[PDB]
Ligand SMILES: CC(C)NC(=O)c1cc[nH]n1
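As a starting point, one isolated chain is supplied in structure tokens, in the form solved without the ligand.
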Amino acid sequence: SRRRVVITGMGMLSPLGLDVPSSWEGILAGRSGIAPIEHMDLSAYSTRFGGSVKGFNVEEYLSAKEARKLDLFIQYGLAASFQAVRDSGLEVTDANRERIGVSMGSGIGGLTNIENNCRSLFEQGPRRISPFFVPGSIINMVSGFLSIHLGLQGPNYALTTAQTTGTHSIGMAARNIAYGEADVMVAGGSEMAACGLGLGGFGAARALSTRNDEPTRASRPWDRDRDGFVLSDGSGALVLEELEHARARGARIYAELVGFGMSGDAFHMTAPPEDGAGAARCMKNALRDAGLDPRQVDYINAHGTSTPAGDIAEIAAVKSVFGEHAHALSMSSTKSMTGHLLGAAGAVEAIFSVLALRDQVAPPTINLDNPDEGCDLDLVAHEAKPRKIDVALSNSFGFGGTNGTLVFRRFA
């Protein structure tokens, strides 16, 4: 047997805003957070735009001294974690601190501060490198720093499963609570890969939209004119909590995390299989974990990256899993608005899945002007769609063919 897991706190930085309510307001209004990148010369790059976090003030969270030590991806993670802990109302004590852990991940982590330290290293050699360089750059430091600032003494770790990180972090945090290893986890991921190596690195694989003339139109999942994903920055954090623990302290509960699914495609390094066999197993695995028949799913937050091979794989996967129900469920890609936050994607997208339940509204897929061949599902093109949502899936399909699925349900 098993303990039930509920969402009691949520926090976020996105290209749409500096917290959940402002980001969600963007999602439902079909607003784009995509813009040419400022403060960085991208002249020599085939992509010149993305989702940046706009107007971020780290000193709302940290002294300027402790922020100088930390890559932007750590800052962003800590912001979402702090938002989420505050949102939860949870009081940490000597009595419960050993039962409260953190699992915040990143796809690449401290790329920006690595890039800035290479400069120092080749020009001037090793003596300029900062003392805080290693601890200020490694992925596990969001979990490290948050545990120290808050006195969290419970399972302390970080996933890095590329674009699946946020989904795997939340999912395996849930498992820690379900199986009695913790009563509370702060879980999700953060990403800031908007640096020469990120844009350059993805640019070299021609994985990125090159639609420099219309950055708001670049992210157009399931549309025949899409030409790869948009690179976006930010963070999601949820406070996961055991149900009796949450009820006892009178917490506001958003939704129940009822299921977690993992799988491997075991196919290709970057490209899913045409038929989404992997994503289909992962989804089947998640619904079984939740004890739910596929018919009961109402909303799917797709991966929906706006890559040609990835979007079509997800359609195949859903038709396969849901058969006669695949047209009844609504499925949108919020990346149409936010772009791809990589290891943070599944975190912000689990929050969007939780709010979709709170507000009975399916977020739009904007720019879905001309569906491709076989993209005839309910993809919620252009505008939000109010509707019944008892169960919501969030999907993440990553490099290595690492799949993750979270199943949320209305709580009462």
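Numbers follow the displayed sequence, beginning with 1.
There is also a form deposited with the ligand bound; it is not shown, and the following applies to it.
The ligand is not drawn, but in the entry with it bound it has no heavy atom within 4.5 Å of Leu243. The closest heavy atom approach of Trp24 to the ligand in the entry with it bound falls outside 4.5 Å.
Not displayed here, the ligand is approached by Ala279 to within 4.5 Å at the level of heavy atoms in the entry with it bound. Proximity of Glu314 to the ligand in the entry with it bound falls within the 4.5 Å heavy atom cutoff.
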